[PDB]
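Protein chains in written order, with full-length UniProt numbering: chain A, 194 to 386; chain B, 1 to 386; chain C, 1 to 577; chain D, 5 to 463; chain E, 121 to 359; chain F, 169 to 211.
Idealized CB from N, CA, C, for every residue including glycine.
Before any comments, here is the structure.
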Ligand SMILES: Nc1ncnc2c1ncn2[C@@H]1O[C@H](COP(=O)(O)OP(=O)(O)O)[C@@H](O)[C@H]1O
Ligand SMILES: Nc1ncnc2c1ncn2[C@@H]1O[C@H](COP(=O)(O)OP(=O)(O)O)[C@@H](O)[C@H]1O
């Protein structure tokens, strides 16, 4: 529970020319980015955290064809904060989960990341969640709804996919803490079909 | 009567227990304020009711009573002009006692009981009749209205009132069998009404509106559809079909079409003039309008009233145009009733016995020679919407 | 033995009660009539009777008595020149006892019990034997009809009646084992009689339809499939094999195919001559026909009997060609049980068994040495029928990727008028490399090269086809319209035979081979025609094209020289103009 | 005789009553009302403790306090007798015309039992029927179960009637008299329109062919369910007229699409599985028994040729009704909107009409020797024809060569002259004449499908 | 996840094109989408025997590491069953490989476990002794054809276009047998080759894979009709 | 292109709608099996 949503009206830096000048998102903003792979999309995700405008980085996707999910793991420690010269991993928190991993693991996955973000948020910082493989996110959902006999609907992803998907985004914007300060929760929506 | 009470309630379905020998398909008043349903399934002792009203608020334990009689319309004179809607209650009187809403469950008479009428008996006591004969004429608008003897009733005549002022209630003709052959009679909607023979069509039924007519006419009896998406003619071509004519009465039954969508029907109508005898147009209409939000199921009833009114009238010589627009509605009706009664659908959810009833609804129209040996033809012009 | 009565009868299936000790799949007799049953489910002591024929006119509390043998056709000498119901009942005798109605309550014998036969023995008594070791040779038509030990019997002989006529039932061999071999021997159907061992194939199954012999073709152990919507020649391309295959025994069996197409082969077939004797061609013929009209369950029986027959003959040593006409109905039939016994199904409602009982079937045989040391081949070319046209539908597709040699029979082809036209841009055989030895030697030493160049045009031709429909044949110039037309003729004349033209409806390789060399030439010289400076435009309208045209029609006798005449006509009729 | 009570469930056209235990699956039992009206119904699922009755009518007002069920026959059978020949009967049939009850000289099982295939005799006979398409290209034969695929606005019925009126064997390409074949008709309906009735009736009254013919009826406004008995009934009056009393009989079962409709109902109202498009999957079999009885028996006399007319929706050809018919009957001929706009009557196309039994009884002293090669040529030309109807309409208005010009020129022709036809009948010979006339226009050396002699023989 | 070590190594195949343009790296999965009748199998068994990692070019002692080809097909005909065994025995390499091959007819149940076998057996190679494995499964069309039947009986409701709901998962786990794991030096290659029926790239069975396996190497008619061999296109294809 | 496109979708949605009913129908079958055998528990 938080005490006042507040209107957006706050910039968000990312430093990337093309990012803010043309297509800002505002802090507490909420975006989404598709991007076929084999085309350099991770680049951004890296740089993202690198400059940021926040100070707490939480990156957590879940499931992604093996090897590339390991790439995150490896290149993450190598990069270093360009704001203190301190090792980057220091102000970071990663949750991973690889394809194969148990079903209802994966279903919870996002939600995890979402909560944890709120926590840190609550402490007054400004945060920066990233998540990818939202497109795959639904997957688990299908699966659970397979094993529960509830008809599908639409193409094949059960109906709740206009809600739980919803809530994942609502929780964010410019919250004001109960601690009376301000805390950033922009999510930028990777998806990829 | 027979008594019983409730077992489950589901949407507009209701089941009942405590019945035994309930007949299949009837007038079933249930609900303290009554509801007047229809018996589909008869299981055990447990009667499946149908209910044509919002079932909002019933408990469990109410009476269940029957009349041992299918749903049926009083037919006679006193028809033309007026609203009657699907379940055959003339809104007029409802409108009048109850303000501006439909307060479900109010019971009323149908065809009036107080207006007076001049009668001429046209046949003398003790003489012969077959069912379907005329006994007398009555002044009904610019019409030689006739009082048709009910079929499957016959007998000699003990007496026959002479001319005078009367209400329809009164037995005018007592049969020589001690059988008070009342003016009007009750003939359940389901079924049709026999006729001496169907006679080929060959005479045009125009409509006057050009294109529709000159190139693709229809025959005098016959049937034709109007499919069509939304957003094209449907709602108002029929209207112009009604306002011009090429036949007498117009028994028009829309179904679930909006408030304004038949508002306008009513109020403008008293101003146009018949191109057949002159005179105000209400004099040849039957209103069986039907609010969209009305009890879901009551559309199924509503169409069937219409058509049976037309035959009755047809047997009095005339040419009746019935164009109940929108059979998609009717569809929806059954589409729901199935779901309740739990039956594996067929293609897109409609129950398979669709062309079961559908077929017949289209059939009954035609041109014939009746018991009175009178020409007459009910024409039907269906509108559908996928 | 084991006996109870009807509990619940309703539909082709029944549930008896008071039963136990049953076994899965067991013949029985139900009703006072006695009808032929199958055990297909048990549930405490109640059993689902599967009832092979019709029903109607039954009461609850009537006989239900099993004997406990689970299906089997009783195989032995004398079976050709007949027809057989779904449990191998000779309709002749039936007709002789009924009139003109397939009537329930019928029992007869599989192999007639009257005829006696000229015996010959091989082994002397007081000898040893093992399973499936040949014993006696009773002659039978142009065939030599051996008799084997019934598989899985071994022992030592003790007497042998010498030559003379002898009954079918007779024990004509005694053993020191207290055992008795009689002429026939009963064998199940669900099993699958072994053989000595499994082996590769390489001999072509000739067939004489050019389209089934120059393009797609089949190994001897071949397995293939032929599909096509209704009205597509599905049946007729199996007709030809039945009268122009190249082996010992056609065993044409169709389940769910109408009378008319069956009976016809019973009035035409008498008056024709085989390519392997000279006799009435009907000797190499089975027909276990069991038309749609008949019962429900028989449609299931039917096939697996003719699979078994397919073994039975192979066994003796010959060269089985079995082909099931319209196996797909079988699926429908299987699934009709299902419905009534309540088995949830997989897609398109087929009960999940599509693979289960399919996959066992088609794998069955080819070039497999026997216990007798003979070269055994099982040749099956399965017919199927989709019910849409959507080859996407499961029962169809499951055939592919279980067997090789796929032919597809296009639908829009055939509406025009060819036969047995196929799409060769659908189709594909696998067997086509391991045929190379035999072809080289037997046919011509350069044939496979000369054929690949035909496919060179043929499959490449679409390359242009598409562009035709994108801007007409207009503005496709001349190496362009060369090909188009070449190929035009290639299907107009090298891919359309008949099954009704009086001759020209069967060919030898060497003849066909011939036709095919011509066209190549014509391509070659044409290629050098335009390059030199003249044009196809007139070349089309040369008289010599039409000679290449009508061409197929002359018969073999003339064929050499016909072909030689064009061999002159070419080189002159290019250089001139 | 006897009489049950023990009902428990009524709903739809399915009835239920207990403790019965001595009926049989497939038995006409009764449904005596507690008021005085009898109805009839089938025993289609009999268990130890309850069973299914299958009401052959609408249900109305029935109880749960009286009612009587009553075994009429164990197995359905109806009488027959060559007596009837000018009658009417409804659904099950209880003669309707106000004339007397029937007299049977047999009872016969309504199911019949399908023909032993050995008992079939090879069909062969060719008849003259008029309307080119059939009489040249596909050609009806005595015994081809053929069905005429129809749409709706297309005139389904009309075209049938000609056939009823001109069908006649040749007596001269065979050695017999004409006083060896007149004809006979057995019509049936299965739920039709009334207007379709009268049109029908008058063309039997105007040829005066009405007698010597039985026509059963069932309008589409009678009870629903009796849709599934009636077809067979008439067909069983067919075996009877065919086999022991010798006749040739063309049977019209017009419209079958109402068949499966009613069929469906029982289907799913019980619980059997669907199996494409929600028509019950065992369809194949039920639609075997209707068409499959027919044909020509061995060393016998007589003939049963069925023409029933399907009315599949739209001009689809994968709605599963006409589907399965396809395997089932041999070949078909299609009407198509395709032509109909142009006004050419009675439309047909060759393009998807097969007609299987045809290579029998043709040309061999049975038609002119030109026939075999005629058809496939003329056929294939037209195929070839409309094809360039497309390529033309894309590239230009033409850009065709002067070879190909000749093709397109024949398009309009073919359809227009030849396939159009008046009520004006034709003969086998006059037809053929015309036939060559459309082959005439293409120049020789383009007709490869015909052989050199025949071509010049009548060029 | 942490344990895994990013790939960096190389593997030759012995086929050309699938090394030059789009190169099977080491510790990698990758699959060959075949068509209906294009000849998968051959292009299989070549790449069976042929491969040998050359460590040579990178610099280090040769026989520090040996090569194990672990092979499993299924739904093989008596015919197919023999094309393998002939080729395999030919020059022989059976003596450096393991067989597993569940006949066509053979019970459908065991089918299901079948690959998982040759997968797990592969582990025991590299993790307990270091080796360099190449696992090649085949015809996973069969894998699902067969699958479905099981699920269809054991109960469930099939999801989208059949192919029982829990496919994603079930299929996933038959691919996490791959990659190198820090410290440990040996690893698994997957090449599973399968055929589509609808001849697409949209039907689920292949599509699905294409989310978890990482590339695609198709075979077209075009090549093959003109008679080449082994027809592996260029441009559709890319690791 | 934008038209024949426009056809293709039409196939998709209808091909799909086909099977919704498939399942829903099939579902009900299960319900029967379990309800039915819940009283083959008996007692
Ligand atoms: N074809 C027409 N041209 C112009 N206006 C029309 C035409 N037909 C109907 N309208 C107008 O469109 C309105 C929409 O109603 P209508 O077309 O009758 O049915 P619906 O909108 O229910 O399909 C009509 O009330 C009328 O005002
Ligand atoms: N080889 C052929 N020569 C001539 N006509 C053929 C040939 N093959 C097929 N046809 C014609 O096309 C029809 C198609 O065969 P058909 O018997 O309908 O097969 P099915 O119904 O089993 O697909 C044949 O009946 C025949 O009229």
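Chain-order list of residues whose beta-carbon lies under 8 angstroms from that of residue i (same chain, five-residue window excluded)
{"i": "residue 521/C", "result": "570"}
Start-to-end residues for the alpha helix (DSSP H) that takes in residue i
{"i": "residue 326/B", "result": "Taken as a continuous stretch (DSSP letters only), residue 326/B belongs to no alpha helix (DSSP H), as it is neither H nor E."}
{"i": "residue 234/C", "result": "From DSSP, residue 234/C is part of no alpha helix (DSSP H); its letter is neither H nor E."}
{"i": "residue 249/E", "result": "228-249"}
{"i": "residue 302/A", "result": "296-315"}
Distance cut-off 7 angstroms: residue i Cβ against heavy atoms of ligand 1
{"i": "residue 382/B", "result": "no"}
Same chain only: Cβ atoms within 7 angstroms of residue i, ignoring 5 sequence neighbours per side
{"i": "residue 298/A", "result": "290"}
{"i": "residue 24/C", "result": "39"}
Continuous beta strand (DSSP E) stretch holding residue i: start and end
{"i": "residue 122/E", "result": "From DSSP, residue 122/E is part of no beta strand (DSSP E); its letter is neither H nor E."}
{"i": "residue 290/A", "result": "From DSSP, residue 290/A is part of no beta strand (DSSP E); its letter is neither H nor E."}
{"i": "residue 200/E", "result": "Segment 200-211 is the alpha helix (DSSP H) holding residue 200/E; no beta strand (DSSP E) there."}
Length of the line joining the Cα atoms of residue i and residue j
{"i": "residue 159/E", "j": "residue 240/C", "result": "30 angstroms"}
{"i": "residue 503/C", "j": "residue 404/D", "result": "37 angstroms"}
{"i": "residue 391/C", "j": "residue 285/B", "result": "57 angstroms"}
{"i": "residue 296/D", "j": "residue 119/C", "result": "45 angstroms"}
{"i": "residue 217/E", "j": "residue 273/A", "result": "46 angstroms"}
{"i": "residue 103/D", "j": "residue 9/C", "result": "41 angstroms"}
{"i": "residue 98/D", "j": "residue 190/D", "result": "17 angstroms"}
{"i": "residue 121/D", "j": "residue 329/E", "result": "52 angstroms"}
Near ligand 2: residue i beta-carbon under 7 angstroms from a heavy atom
{"i": "residue 500/C", "result": "yes"}
{"i": "residue 358/D", "result": "yes"}
{"i": "residue 228/C", "result": "yes"}
{"i": "residue 497/C", "result": "yes"}
{"i": "residue 420/C", "result": "yes"}
Contacting residues, own chain, Cβ-Cβ under 6 angstroms from residue i (five flanking each side not counted)
{"i": "residue 335/A", "result": "350"}
{"i": "residue 242/A", "result": "250"}
What residues sit near ligand 1, counting only those whose C-beta is closer than 6 angstroms to one of its heavy atoms, in chain order?
-> 230/B, 231/B, 232/B, 233/B, 234/B, 235/B, 236/B
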